[PDB]
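Reading through the structure tokens given below for one structure.
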Amino acid sequence: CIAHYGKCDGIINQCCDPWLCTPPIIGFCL
Numbered sequence: 184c185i186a187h188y189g190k191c192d193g194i195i196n197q198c199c200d201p202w203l204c205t206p207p208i209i210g211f212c213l
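Have a look at this one:
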């Protein structure tokens, strides 16, 4: 579910760690 500090698809806000994916469109989970 998105590696630590990994890129996110956007539609999938299910980011286990570290916290949440932002922006909800395209960015990095922090």
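Its first residue numbered 184, the sequence shown is counted upward by one per residue in the numbering used here.
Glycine residues also receive a C-beta, built at the ideal position from the N, C-alpha and C atoms.
Going by other Cβ atoms of all chains shown within 10 Å of its Cβ, with 16 needed for buried, is residue i buried or exposed?
i, result
"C199", "exposed"
"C184", "exposed"
Out of curiosity, what's the CA-to-CA distance linking residue i and residue j?
i, j, result
"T205", "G193", "8 Å"
"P201", "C191", "12 Å"
"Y188", "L203", "10 Å"
"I195", "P207", "8 Å"
"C212", "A186", "8 Å"
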